[PDB]
Amino acid sequence: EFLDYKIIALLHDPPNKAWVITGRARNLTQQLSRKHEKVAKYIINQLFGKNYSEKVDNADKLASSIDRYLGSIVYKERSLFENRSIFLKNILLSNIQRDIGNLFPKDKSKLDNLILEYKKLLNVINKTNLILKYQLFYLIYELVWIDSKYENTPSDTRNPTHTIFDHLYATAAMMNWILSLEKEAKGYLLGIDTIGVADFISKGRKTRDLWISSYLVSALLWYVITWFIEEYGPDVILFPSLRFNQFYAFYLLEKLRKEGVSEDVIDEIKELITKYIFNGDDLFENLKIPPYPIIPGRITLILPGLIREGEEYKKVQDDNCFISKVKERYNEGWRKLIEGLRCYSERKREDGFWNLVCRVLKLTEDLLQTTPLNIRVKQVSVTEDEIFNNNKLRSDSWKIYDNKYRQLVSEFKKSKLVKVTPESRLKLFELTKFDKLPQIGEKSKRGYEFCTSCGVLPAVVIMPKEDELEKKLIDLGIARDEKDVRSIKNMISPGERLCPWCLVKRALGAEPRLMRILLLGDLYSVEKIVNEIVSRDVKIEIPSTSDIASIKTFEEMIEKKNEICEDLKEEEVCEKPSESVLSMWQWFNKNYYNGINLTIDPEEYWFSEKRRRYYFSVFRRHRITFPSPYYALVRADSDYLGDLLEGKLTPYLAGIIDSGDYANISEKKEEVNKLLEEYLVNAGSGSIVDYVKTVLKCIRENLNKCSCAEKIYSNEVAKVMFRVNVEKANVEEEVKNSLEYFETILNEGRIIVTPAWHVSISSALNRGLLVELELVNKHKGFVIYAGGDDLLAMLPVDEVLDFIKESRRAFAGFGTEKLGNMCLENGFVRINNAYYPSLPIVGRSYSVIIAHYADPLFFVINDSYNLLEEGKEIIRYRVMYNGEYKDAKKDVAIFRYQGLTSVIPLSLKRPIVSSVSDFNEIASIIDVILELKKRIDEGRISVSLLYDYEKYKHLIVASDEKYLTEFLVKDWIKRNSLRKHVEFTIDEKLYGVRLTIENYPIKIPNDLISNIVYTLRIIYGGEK
Amino acid sequence: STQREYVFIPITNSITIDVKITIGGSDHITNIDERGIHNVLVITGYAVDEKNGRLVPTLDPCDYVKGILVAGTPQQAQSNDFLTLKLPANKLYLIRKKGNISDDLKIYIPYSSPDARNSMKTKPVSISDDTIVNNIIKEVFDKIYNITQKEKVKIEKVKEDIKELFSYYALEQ
Amino acid sequence: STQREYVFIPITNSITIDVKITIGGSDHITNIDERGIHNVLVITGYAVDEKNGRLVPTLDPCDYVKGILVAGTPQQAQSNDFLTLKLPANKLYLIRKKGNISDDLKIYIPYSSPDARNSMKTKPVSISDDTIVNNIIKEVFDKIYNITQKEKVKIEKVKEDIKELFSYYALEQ
Amino acid sequence: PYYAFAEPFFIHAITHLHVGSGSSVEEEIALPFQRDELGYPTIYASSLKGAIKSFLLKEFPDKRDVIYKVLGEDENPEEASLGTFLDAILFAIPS
Amino acid sequence: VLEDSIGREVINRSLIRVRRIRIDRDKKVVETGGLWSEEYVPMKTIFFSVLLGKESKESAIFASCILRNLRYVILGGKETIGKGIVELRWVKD
Amino acid sequence: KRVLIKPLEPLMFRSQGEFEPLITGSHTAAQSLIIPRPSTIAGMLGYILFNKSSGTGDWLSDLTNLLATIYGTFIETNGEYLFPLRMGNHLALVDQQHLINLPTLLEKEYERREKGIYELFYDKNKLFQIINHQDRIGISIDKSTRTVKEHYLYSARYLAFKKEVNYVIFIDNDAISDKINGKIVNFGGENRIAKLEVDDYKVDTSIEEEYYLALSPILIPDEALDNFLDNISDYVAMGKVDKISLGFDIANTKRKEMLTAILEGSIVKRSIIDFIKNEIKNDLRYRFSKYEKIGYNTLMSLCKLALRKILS
Ligand SMILES: Nc1ncnc2c1ncn2[C@@H]1O[C@H](COP(=O)(O)OP(=O)(O)NP(=O)(O)O)[C@@H](O)[C@H]1O
Ligand SMILES: Nc1ncnc2c1ncn2[C@@H]1O[C@H](COP(=O)(O)OP(=O)(O)NP(=O)(O)O)[C@@H](O)[C@H]1O
Ligand SMILES: [Mn+2]
Ligand SMILES: [Mn+2]
Ligand SMILES: [Mn+2]
Ligand SMILES: [Zn+2]
């Protein structure tokens, strides 16, 4: 029968929840006449009536931690520990609050207005797709709340840690478990992590191969979870939270466009999507796909013990259902994609290139059966024996979701010890021995001619070398005339050998619209997607490394449009843009319709050999700086994000409680017991903070079980009797459970995780994603992939220090400008008065590679990934912890340039932020290096400054006097200045900073002040 | 804590009658749950005394004995030929674990002469002679866990996987 | 016709006397050619007490000890209590297997009771602070080795490869 | 067989020498020499072979056959070379 | 033959490490970012290596008349600065 | 019995495909393997002992007409046998004493196990004390302009040896102990040079245990894959499975075949030794016999230096 009434699980407690409690004027409490959910009941008008006996006695106590922080008697009675004000504390930082103010539904009329806005978007849907209205509501319930200006509320002013939405979505996520146990029995946790993504992304000549590799990584997982989001609704994914998800919103309004919905209500929500889920650009309507791959190849799911095909939900039949299901769904996604590729190819047997796609797909189907990228799926289960006592929840029924989650991840660790590359699933013995290998091109005089993109698989298509290609492609199976060469040579550089998987990549990159095949997912038939793709022909141009090395030159040529193309207009440069092309590269769209043909190939014009005499002379006469061949590959990631999601303290002190300090926490007892109490006391202003710190004074110094609570029960029993409507007396035990929970935390050494924790984290993660997206585009970068914590973008070597500074400060949630509609503010993200938290306590590392535009992207990507993953865990710098110099691990910026390395710390305080004074210390050295870079450009300081510091370090390190080191650096700068009197004044907190290493081939100066000059040498080598 | 006895599971039964308790305490060591035996204890450096079943401690860090940890009293005929140690449950080599530890478990251990009368050499051994399998199942494996062949209807996934999982080292002495 | 004694190296002066005879036997199964301390013995499942240095056997393979062989007798207030076993010179574990195979390996190891009155919370360590190296080079590594002071001219590298060739598991109780 | 004969030689610098490696070392130098694993200067066998090959191809601009046989071929049509160089290890620097 | 500890200081002291400059002709002043540093190995330095050769009837000619004539060759870059001349003495004395 | 392959200078063992100028607008590059695949050492020893009219199309039938059962390869610094140890993409040289307690270390629970593997691959690792990749960027110069060509630049990360190091392989035959001892081989790629040393060295082989160490890539019959990749966690404890190419043969000038293998340093459980025998036909046995002959399916006890083939 029909079940899964989580629509009220999303509404049981309204977003008007904190003002109706401790009201200022008390109007809605008298104009609606068991106290405050009256409002939500009134809000229940669009769908089924509210069930009150299924989501407050469970799945609300189990979703968030408030049930265990406050106590299950003060949690519900909601009146015995009060406060006037209304704050909101960052989940990771209970230190900084907010001033909520009052822009919320007060009148009995405006609430009707918001109901009407929900209705007009939810009244055009019928009831045959019962699940589709819940689907769209899951997304727009917050977008409408914040679109109309309304600041969002915490779960309770007694503990302002979770925003009202994360609590709601968390109750909904737990409802998957609670329905599945009020029914017969089950409860599930499904995790999926793609095997070796770093190796897969590092496989491609052109950037248009990295882009589609990452896009496939995101899209295959999107295809497998399409089944779940349509089956059990969207709120089945606990990572990544799809509340601010571009892929999800795209799929959602595309499915809404499907089946027929008036194209007048589709816009009312498309504007919501384009403004907030995106940042204010609807190019995904002009590209027909979400422009950025943003799905992390590692997802989680809360699965219920139910299944369909009884036309409704029946109990699952076995305990191997979802593993097999996701495996077959994944392989099915890949096979559907390649089938659509072959269909779209046959639809264009002309154009040469697609003809080759045809005549190689038909030859290698038996080799394309295996997906180029496999996954690794684990699951953990639970039964009502664990969260029930035949009448209610158990005590320790809260520590279940943790113990299961902590369970699941451990399994992954086990499977991780063995890595099996995808190329091993093939069967290449009879091919590579008995010459059965299909070979479009020259049969290699030496066996079988390995590929050039993946470099590991035998190549199928062997483009000849560039000696005389036109007479070399016709007499071979590649071409048929002189016309196809101008389109085959357009996407296969002469000389490239291509494997089946690498050629499939090249073909998908020829036009990135077949990806919809996977983005929609059993939604349209493959032929229906292809027939759209073959209907419109708009070109999607992905840059190259050369197009990004030549950014500043294109810029300088749009500021001299006519003058620099007077002598031109015979070279197809000032040629008028004749097509309707567009790119996911925002800087490209910003130009092109600025006078210069940005579709040219710098490899063909000035990065070429037969030419560039012409172009050098041109750039010379018109005061144009001839370009540099170097771009910069920036890669980022958060540190100890797994440890974070597991609730550890390592993200807080990254360098002290390292990873083996949880194999035995007793050796780090002092630091955990200081930090956890510092956080717990600091979360919840109210009237309970004193109560809580008295509970901790009890726990502190191992005061025995309730042999001490008599010190504290007073502080509750004196207060429980401030209210009379309290029905029964239950204060004899709740004060015991409270310190039992607090001792549980302080003795396990980590905050116990709950679904609220996870949604609150992995929503801020996508918000930071949306922020860094607009950050990269500001610095003329090109986002290959950027999902939450990670990032992989190609920028010019000129705006990489600026970008690192800005992106680091923004990841903490602290900036200066608005980034679209995400107006970030000192640890929060203000979307038009809605304060969502951020990740200020989390450390983020960076790995910049200044690479020649012609370096092989395979090795560049491998070295970037290796530098990050290795250096971030092997180098230690002097950090101050509670006024005491210790050693730290993470938050470094590792620059490399063909043999020059440098590391730049970004924390200098091991708890990176505990106040609001810290938000300027963030990456405060990168702006020092910036200041120094803007002195050498102005010619005030000489570049000898970088080749002179050594004869000053040998004296500056043996020194223990600050005011002497200051004179010494001033003299090192004085001796190398060119103008009257420069002023650099290094901040004197960098002196004595000691970087170290655990004996790796990375060479690094042991002082930050020398890493600064090495970073400058790297940057300037980038302009060579 | 409730004490436990590591009993190697050899082809002989000169250890079968040493530990008595059937119910036990607040836990169990193995768990017969349709996957096989669980929490098999492996002691390295300690070969087996085939006759007069005991743990002959060699200094080779390579010989491994396969047995099981049984619950409770050693029949009180010990404290001269056996020895007692209390481990945190983390100093043991348990194999394909299922159950849950109690973070503290009294362990008793046999011991034989270090055999200064014959060259301490060794050979391997495996679970063959399919009839002697059920003989040790019904001799001691039921004297500790009698619920075998009683509630479980399966005979292959728990009862006929020992054929290659139990392999110990006999002195030939 | 060759009996050796197994001696360990803690940071404690508790094996200050182990043997009644300054040399004991008549051959050396251990060599020092200034390049390394060859043929040093390690055993698994044996942690060590510091004061009255006694390898208390905890059967955790993650607890070992690196100790050298020397001939002699355990003060003859022992040898009825320490371990007395013979090995066929094919099972003994040896680092830097460059030395001699005597084909006759009797060995006496400090061996005590597990004494289940506490838990065996073990603790490893690596030696440093050459004063610690020296207060045992005095009492052991020159007491048995008249070879010392003969080639001891590069007297440091013979002592530097002492550091990364020895590590045990203490109980800190 | 297969290196039946060997000829060692000293490479005595007549002028200063620079054999670059890009910016290959963490040093105060922008164009360092070719370093060993021990940081001592060296001349890679590739540089030595290429330099002597290029020199001989112009100092005996008729033995192209012999030099191409021993020191290998340039164009794609090739065959096993039959004389190799070992990396030049620094012997003695002046002081 | 110095000890390895002081040898790698004396030697790193023998290596030439110059700073070079690129001058703006119209004002005879250094161009911004027109300064770098190099590293030559001193005159009279000695390197050692071996020519390993198989026997294929070209070696009998190569190693007999080509090699007998070689004394000076040019190694490495910057030969306009005159930084490549070197002399090959064969170990036959 | 034992053979020491002492490199005279840094060596290059490429592992991937093209290393030549093919795309006009990009440099090439390569990276060396720390331990040469046994195909390399087999081919070297074969090059030493060659007859010029045998095979011509087999490259290992006639090669196995020359070699004994080559046993796996590992490092030896100063009598300190270093052994490869591989995690997912992590490769470390660990001494012997850190492999004994290893099977128990991966069967420990979560934090203990991860701390152990971390200190092993990161702190008790000795790779970076003996070997560091030394990059060597080269160029091609066209005589017309005396300058680098159109991006004819290549970066080959060589293998620098920070100290006296050999490679240890054992070979059954003794008649060869004199015909390769003191030979200056052309070991490895890029025209590098090594020297051979031979001395009789008794090594114990016939030993069986529960956990083994892949001293050499364990080849898979290319049909048991679906029977193998499904239940991988039941055969290898830690390590790396991958698709490798057996190399490049000289007599035919062809890239050798491609086989899924279990790379060096991986830890295989005993349940695999029979499995392959259970999952191999009668003539693929005749082929993998030669494969094991040239040194591929080599194992080693984690307790003692006891080598063991698989199909033998
Ligand atoms: N959509 C994506 N596009 C590109 N890279 C991604 C994407 N999602 C995740 N990654 C990266 O892939 C890696 C995933 O973590 P991890 O799984 O440890 O790496 P892996 O390369 O997948 N290897 P493995 O750990 O064995 O699965 C990280 O480097 C991520 O930043
Ligand atoms: N529990 C988790 N859930 C989801 N993603 C995770 C989890 N743990 C790690 N990841 C992500 O998986 C990829 C690789 O994680 P990884 O970086 O290896 O873990 P980490 O905890 O971030 N430690 P670190 O190496 O310091 O970064 C990145 O996308 C991580 O953010
Ligand atoms: Mn992964
Ligand atoms: Mn991370
Ligand atoms: Mn990692
Ligand atoms: Zn390929």
# chains A, B, ... in the order shown; residues from 1 in each chain; ligands from 1
>>> residues_near_ligand(ligand="ligand 4", cutoff="12 Å", atoms="only C-alpha atoms and all ligand atoms", output="ChimeraX atom specification")
/A:296,635-645,651,654,787-791,842-846,865,868-870,872-873,890-891
>>> write_last_selection(atoms="N, CA and C atoms", output="tab-separated table (two decimals), in the first residue's frame")
chain	number	residue	atom	x	y	z
A	296	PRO	N	30.94	13.92	-6.19
A	296	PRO	CA	32.28	13.33	-5.35
A	296	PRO	C	32.05	11.86	-5.68
A	635	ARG	N	44.94	22.33	-7.42
A	635	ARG	CA	44.16	21.24	-6.85
A	635	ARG	C	44.02	21.47	-5.36
A	636	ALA	N	42.82	21.25	-4.84
A	636	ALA	CA	42.54	21.51	-3.44
A	636	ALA	C	41.82	20.31	-2.84
A	637	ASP	N	41.81	20.26	-1.51
A	637	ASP	CA	41.01	19.28	-0.79
A	637	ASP	C	41.01	19.62	0.69
A	638	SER	N	39.93	19.27	1.37
A	638	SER	CA	39.90	19.43	2.81
A	638	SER	C	40.67	18.31	3.49
A	639	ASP	N	41.14	18.60	4.69
A	639	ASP	CA	41.95	17.66	5.44
A	639	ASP	C	41.11	16.97	6.49
A	640	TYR	N	41.30	15.66	6.61
A	640	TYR	CA	40.60	14.86	7.60
A	640	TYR	C	39.09	15.01	7.47
A	641	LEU	N	38.60	15.03	6.24
A	641	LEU	CA	37.16	15.13	6.05
A	641	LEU	C	36.46	13.86	6.49
A	642	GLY	N	37.09	12.71	6.25
A	642	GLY	CA	36.54	11.47	6.78
A	642	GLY	C	36.51	11.48	8.29
A	643	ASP	N	37.63	11.84	8.92
A	643	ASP	CA	37.66	12.00	10.36
A	643	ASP	C	36.63	13.02	10.82
A	644	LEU	N	36.36	14.04	10.01
A	644	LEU	CA	35.33	15.01	10.36
A	644	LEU	C	33.96	14.37	10.40
A	645	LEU	N	33.56	13.74	9.29
A	645	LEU	CA	32.26	13.09	9.22
A	645	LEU	C	32.12	12.01	10.28
A	651	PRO	N	40.15	17.01	12.57
A	651	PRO	CA	39.92	18.24	11.81
A	651	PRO	C	40.09	19.50	12.63
A	654	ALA	N	44.73	19.42	13.56
A	654	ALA	CA	45.35	18.63	12.50
A	654	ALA	C	46.86	18.72	12.66
A	787	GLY	N	34.07	19.47	-6.40
A	787	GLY	CA	32.94	19.03	-5.61
A	787	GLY	C	33.21	19.18	-4.13
A	788	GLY	N	32.53	20.14	-3.51
A	788	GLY	CA	32.67	20.36	-2.09
A	788	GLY	C	34.09	20.62	-1.65
A	789	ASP	N	34.68	19.62	-1.01
A	789	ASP	CA	36.02	19.75	-0.46
A	789	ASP	C	37.07	19.83	-1.56
A	790	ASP	N	37.02	18.91	-2.51
A	790	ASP	CA	38.03	18.84	-3.55
A	790	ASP	C	37.87	19.98	-4.54
A	791	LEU	N	38.80	20.05	-5.49
A	791	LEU	CA	38.83	21.05	-6.54
A	791	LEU	C	39.92	20.65	-7.52
A	842	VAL	N	37.76	23.49	9.54
A	842	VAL	CA	38.33	22.47	8.68
A	842	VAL	C	39.51	23.05	7.92
A	843	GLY	N	40.55	22.24	7.76
A	843	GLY	CA	41.72	22.66	7.03
A	843	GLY	C	41.67	22.21	5.58
A	844	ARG	N	42.10	23.09	4.69
A	844	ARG	CA	42.12	22.81	3.26
A	844	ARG	C	43.53	23.02	2.73
A	845	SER	N	44.01	22.06	1.96
A	845	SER	CA	45.34	22.11	1.37
A	845	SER	C	45.24	22.45	-0.11
A	846	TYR	N	46.37	22.85	-0.68
A	846	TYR	CA	46.44	23.19	-2.09
A	846	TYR	C	47.69	22.59	-2.71
A	865	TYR	N	48.36	15.22	-7.81
A	865	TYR	CA	47.71	14.38	-6.82
A	865	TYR	C	48.71	13.82	-5.83
A	868	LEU	N	50.00	16.53	-3.37
A	868	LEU	CA	49.00	16.83	-2.36
A	868	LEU	C	48.90	15.69	-1.35
A	869	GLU	N	48.52	14.50	-1.83
A	869	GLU	CA	48.23	13.39	-0.93
A	869	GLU	C	49.44	12.99	-0.09
A	870	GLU	N	50.65	13.24	-0.57
A	870	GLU	CA	51.84	12.82	0.16
A	870	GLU	C	52.39	13.92	1.05
A	872	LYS	N	51.02	16.61	2.08
A	872	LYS	CA	50.12	17.09	3.12
A	872	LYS	C	50.17	16.24	4.38
A	873	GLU	N	50.81	15.07	4.33
A	873	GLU	CA	50.85	14.17	5.47
A	873	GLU	C	52.26	13.88	5.94
A	890	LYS	N	48.50	19.59	8.35
A	890	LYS	CA	47.76	19.94	7.15
A	890	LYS	C	47.73	21.46	6.97
A	891	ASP	N	46.90	21.93	6.04
A	891	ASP	CA	46.82	23.35	5.66
A	891	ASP	C	48.16	23.87	5.14
>>> residues_near_ligand(ligand="ligand 6", cutoff="12 Å", atoms="only C-alpha atoms and all ligand atoms", output="count of residues only")
37
>>> residues_around(residues="residue 78 in chain C", least_positions_apart="6", cutoff="10 Å", atoms="only C-alpha atoms", output="mmCIF file with C-alpha atoms, in the first residue's frame")
data_model
loop_
_atom_site.group_PDB
_atom_site.id
_atom_site.type_symbol
_atom_site.label_atom_id
_atom_site.label_comp_id
_atom_site.auth_asym_id
_atom_site.auth_seq_id
_atom_site.Cartn_x
_atom_site.Cartn_y
_atom_site.Cartn_z
ATOM 1 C CA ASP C 18 73.373 -13.676 33.463
ATOM 2 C CA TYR C 108 68.114 -20.470 27.955
ATOM 3 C CA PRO C 110 64.319 -15.624 30.939
#
>>> interface_residues(of="chain E", to="chain D", cutoff="9 Å", atoms="only C-alpha atoms", output="PyMOL selection string")
chain E and resi 1+8+10-19+36-56+58-59+61-63+66+70+72-79+82-92
>>> select_by_dssp(residues="range 505-753 of chain A", states="helix (DSSP H, G or I)", output="CSV table (one decimal) with C-alpha atoms, in the first residue's frame")
chain,number,residue,atom,x,y,z
A,505,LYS,CA,36.2,9.7,-24.3
A,506,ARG,CA,37.3,11.8,-27.3
A,507,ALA,CA,34.0,11.1,-29.0
A,508,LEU,CA,32.0,12.2,-25.9
A,509,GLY,CA,34.1,15.3,-25.8
A,510,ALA,CA,33.4,15.9,-29.4
A,516,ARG,CA,22.1,13.6,-20.8
A,517,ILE,CA,21.7,9.9,-21.6
A,518,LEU,CA,22.9,9.4,-18.0
A,519,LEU,CA,21.8,12.6,-16.4
A,520,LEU,CA,18.1,11.9,-17.0
A,526,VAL,CA,18.0,6.8,-25.6
A,527,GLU,CA,16.7,7.4,-29.1
A,528,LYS,CA,14.7,10.3,-27.8
A,529,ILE,CA,17.8,12.0,-26.3
A,530,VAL,CA,19.8,11.4,-29.4
A,531,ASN,CA,17.1,12.8,-31.7
A,532,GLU,CA,17.3,16.0,-29.7
A,533,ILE,CA,21.1,16.0,-29.9
A,545,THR,CA,46.2,24.1,-21.9
A,546,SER,CA,47.2,26.5,-24.6
A,547,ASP,CA,43.9,28.4,-24.5
A,548,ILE,CA,44.6,29.0,-20.8
A,549,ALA,CA,48.2,29.8,-21.2
A,551,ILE,CA,44.4,34.1,-21.6
A,552,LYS,CA,46.3,37.4,-20.9
A,553,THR,CA,47.1,37.7,-24.6
A,554,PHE,CA,43.5,37.3,-25.7
A,555,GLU,CA,42.7,39.9,-23.0
A,556,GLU,CA,45.3,42.3,-24.4
A,557,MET,CA,43.9,41.7,-27.9
A,558,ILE,CA,40.4,42.6,-26.8
A,561,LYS,CA,40.6,45.0,-31.2
A,562,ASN,CA,40.8,47.1,-34.3
A,563,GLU,CA,44.4,48.3,-34.0
A,564,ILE,CA,45.8,44.8,-33.5
A,565,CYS,CA,43.6,43.4,-36.3
A,566,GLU,CA,44.2,46.2,-38.8
A,586,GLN,CA,32.8,31.4,-18.0
A,587,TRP,CA,35.7,33.6,-19.2
A,588,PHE,CA,35.1,32.4,-22.7
A,589,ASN,CA,31.4,33.4,-22.6
A,590,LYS,CA,32.4,36.7,-21.1
A,602,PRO,CA,47.4,29.2,-29.9
A,603,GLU,CA,49.3,26.0,-30.8
A,604,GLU,CA,48.6,27.0,-34.4
A,605,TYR,CA,49.4,30.7,-34.3
A,613,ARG,CA,57.7,35.2,-36.4
A,614,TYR,CA,54.7,37.0,-37.8
A,615,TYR,CA,53.0,36.9,-34.4
A,616,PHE,CA,56.0,37.9,-32.4
A,617,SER,CA,56.5,40.9,-34.6
A,618,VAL,CA,52.8,41.8,-34.3
A,619,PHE,CA,52.8,41.6,-30.5
A,620,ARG,CA,56.0,43.6,-30.5
A,621,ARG,CA,54.7,46.5,-32.5
A,641,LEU,CA,37.2,15.1,6.0
A,642,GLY,CA,36.5,11.5,6.8
A,643,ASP,CA,37.7,12.0,10.4
A,644,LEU,CA,35.3,15.0,10.4
A,645,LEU,CA,32.3,13.1,9.2
A,665,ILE,CA,43.0,8.2,23.0
A,666,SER,CA,44.3,8.1,26.5
A,667,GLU,CA,47.7,9.6,25.5
A,668,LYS,CA,45.9,12.6,24.1
A,669,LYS,CA,43.5,12.8,27.0
A,670,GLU,CA,44.3,16.4,27.7
A,671,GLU,CA,43.7,17.9,24.3
A,672,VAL,CA,40.5,16.0,23.6
A,673,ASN,CA,39.1,16.7,27.1
A,674,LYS,CA,39.9,20.4,26.7
A,675,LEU,CA,38.5,20.8,23.2
A,676,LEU,CA,35.4,18.7,23.6
A,677,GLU,CA,34.4,20.5,26.8
A,678,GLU,CA,35.3,23.9,25.2
A,679,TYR,CA,32.8,23.1,22.4
A,680,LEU,CA,30.1,21.5,24.5
A,681,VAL,CA,29.9,24.3,27.0
A,682,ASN,CA,29.9,26.8,24.2
A,689,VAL,CA,25.2,26.2,29.7
A,690,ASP,CA,25.8,26.5,33.4
A,691,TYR,CA,23.9,23.2,33.9
A,692,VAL,CA,26.0,21.6,31.2
A,693,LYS,CA,29.4,22.8,32.6
A,694,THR,CA,28.3,21.6,36.0
A,695,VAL,CA,27.6,18.2,34.4
A,696,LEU,CA,31.1,18.4,33.0
A,697,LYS,CA,32.6,19.4,36.4
A,698,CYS,CA,31.0,16.2,37.5
A,699,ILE,CA,32.4,14.2,34.6
A,709,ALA,CA,25.1,14.0,40.0
A,710,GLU,CA,23.7,15.2,43.3
A,711,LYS,CA,25.8,18.3,42.6
A,713,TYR,CA,20.4,17.3,39.7
A,714,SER,CA,19.8,20.3,42.0
A,715,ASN,CA,20.6,22.7,39.1
A,716,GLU,CA,17.8,20.9,37.2
A,717,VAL,CA,15.2,20.1,39.9
A,718,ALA,CA,15.3,23.7,41.1
A,719,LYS,CA,14.4,24.6,37.5
A,720,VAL,CA,12.0,21.8,36.5
A,731,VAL,CA,14.0,14.3,36.6
A,732,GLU,CA,15.5,11.5,38.7
A,733,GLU,CA,17.0,9.7,35.6
A,734,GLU,CA,17.3,12.3,32.8
A,735,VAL,CA,20.1,14.0,34.8
A,736,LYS,CA,21.8,10.6,34.9
A,737,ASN,CA,21.4,10.0,31.1
A,738,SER,CA,22.8,13.5,30.5
A,739,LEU,CA,26.1,12.9,32.1
A,740,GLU,CA,26.1,9.3,30.8
A,741,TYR,CA,26.0,10.8,27.3
A,742,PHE,CA,28.6,13.5,28.1
A,743,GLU,CA,30.9,10.9,29.5
A,744,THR,CA,30.3,8.8,26.4
A,745,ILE,CA,31.5,11.6,24.3
A,746,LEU,CA,34.4,12.7,26.4
A,747,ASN,CA,35.5,9.0,26.8
A,748,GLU,CA,35.2,8.1,23.1
>>> residues_around(residues="range 42-52 of chain B", least_positions_apart="6", cutoff="9 Å", atoms="only C-alpha atoms", output="VMD selection string")
(chain B and resid 8 10 to 15 58 to 68 92 to 95 111 to 112 122 168 to 173) or (chain C and resid 43 to 45 59 to 61)
>>> residues_near_ligand(ligand="ligand 1", cutoff="8 Å", atoms="only C-alpha atoms and all ligand atoms", output="PyMOL selection string")
(chain A and resi 193-201+213-218+293-298+416+419+637+784-787+789-792+865) or (chain F and resi 88)
>>> interface_residues(of="chain F", to="chain D", cutoff="7 Å", atoms="only C-alpha atoms", output="list in words")
residues 137, 160 and 162 of chain F
>>> write_last_selection(atoms="C-alpha atoms", output="compact mmCIF listing (two decimals), in the first residue's frame")
# COMPACT_ATOMS: atom_id res chain seq x y z
CA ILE F 137 64.90 15.99 -18.96
CA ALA F 160 68.90 6.92 -8.49
CA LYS F 162 71.76 6.56 -2.89
>>> atom_distance(atom1="CA of residue 309 in chain A", atom2="CA of residue 245 in chain A")
29.3 Å
>>> select_by_dssp(residues="chain E", states="strand (DSSP E or B)", output="number ranges by chain")
E: 16, 19-24, 29-38, 40-41, 46-53, 72-74, 85-90
>>> residues_around(residues="range 69-77 of chain C", least_positions_apart="3", cutoff="7 Å", atoms="only C-alpha atoms", output="ChimeraX atom specification")
/C:3-7,18-21,23-25
>>> write_last_selection(atoms="C-alpha atoms", output="short mmCIF file (atom, residue, chain, number, x, y, z; two decimals), in the first residue's frame")
data_model
loop_
_atom_site.label_atom_id
_atom_site.label_comp_id
_atom_site.auth_asym_id
_atom_site.auth_seq_id
_atom_site.Cartn_x
_atom_site.Cartn_y
_atom_site.Cartn_z
CA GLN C 3 74.49 -24.06 24.79
CA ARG C 4 73.72 -20.35 24.45
CA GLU C 5 71.78 -17.83 26.54
CA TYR C 6 69.19 -15.44 25.08
CA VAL C 7 69.78 -11.92 26.43
CA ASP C 18 73.37 -13.68 33.46
CA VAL C 19 76.24 -16.17 33.25
CA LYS C 20 78.90 -17.57 35.58
CA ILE C 21 81.59 -17.70 32.85
CA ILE C 23 82.79 -16.36 27.60
CA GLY C 24 81.02 -19.70 28.08
CA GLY C 25 81.25 -21.78 24.92
#
